[PDB]
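> sequence first, structure after, both from an experimental entry:
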Amino acid sequence: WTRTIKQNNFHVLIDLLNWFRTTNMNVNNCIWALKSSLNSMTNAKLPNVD
Amino acid sequence: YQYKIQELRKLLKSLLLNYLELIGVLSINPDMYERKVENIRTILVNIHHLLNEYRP
Amino acid sequence: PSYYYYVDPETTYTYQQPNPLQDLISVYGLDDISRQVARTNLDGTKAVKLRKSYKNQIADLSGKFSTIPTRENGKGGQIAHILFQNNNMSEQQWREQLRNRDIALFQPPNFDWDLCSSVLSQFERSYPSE
């Protein structure tokens, strides 16, 4: 199996797919950042006067 | 309070533009999203604080 | 023009490094892997379906091999963790005691061949086979 790889770039393969996991997680991280910004707004209003 | 009402309109338009820019940044490179989320965060707290100033 | 908040013309965004729009296989030159284990040849026809086991890489030996040594046949053992364990003079000198740092398991008292001959001389004839 080690003879199958010619350029010995299997670490490049592994780093590429870990980078792919990071990039596939960045969009959901942005969504959760917007959700945290949403949850920050719950206390920050001023209700109707009584 | 007309200055505050026009500022509220400007803040709403800026929020919509900042969302569009956030979608563009996510569509080309979702690694500088932090500053755009921060800008949406400060635009929104400015909108809410202007509403709280108008509340009395 | 009318200024709007945090819409800055001088602020510019670049693409991701690397860009996932491109084929990163072609970017880092993994084309040899992709065309060597592609399910179909890149002219529209189907390639040969490679076998589930390693018959192709054990077929080049002349031996008693007719079945597949697996986990479940009881002939193999789990050597993965033992497989995974880990431990003036110039660079050259440092490297021959690096080459000689493990030879201590090769001679007696670890592998006494007189005792090996004595235990192998006790072997009698035939083997019970079912």
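Ah, there it is. Residues are numbered from 1 along each chain as shown, chains lettered A, B, ... in the order given.

> where exactly do the helices run in chain A?
Listed in chain order, the helices found in chain A under DSSP state H are A:10-39.

> now do chain B
For chain B, helices defined by DSSP H occupy the ranges B:2-28, B:33-54.

> can I get these in JSON lines with distance to residue C:52 and mean neighbour count?
Heads up, the C-betas are built off the backbone N, CA and C, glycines and all. Output for the helices of chain B, formatted as JSON lines (distance: least, CB to CB, whole Å; neighbours: other CB atoms under 10 Å in any protein chain shown):
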{"stretch": "helix B:2-28", "distance to residue C:52": "41", "mean neighbour count": "14"}
{"stretch": "helix B:33-54", "distance to residue C:52": "43", "mean neighbour count": "16"}
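
> enumerate the residues of chain B near chain C.
Within chain B, the positions near chain C by CB under 8 Å from any CB of the partner chain are B:10-11, B:13-14, B:17-18, B:21, B:24-25, B:28-32, B:39, B:42-43.

> of all the helices of chain B, which one is nearest chain A?
Among the helices of chain B, helix B:33-54 comes nearest to chain A, with 4.2 Å by CB to the nearest CB.

> quick check: angle from the closest one to helix A:10-39?
Note on geometry: by axes from the mean of the first three to the mean of the last three CA atoms, to 10 degrees, helix B:33-54 and helix A:10-39 are set 0 degrees apart in direction.

> what angle separates helix B:33-54 from helix B:2-28?
Computed by the same axes, to 10 degrees, the angle between helix B:33-54 and helix B:2-28 is 160 degrees.
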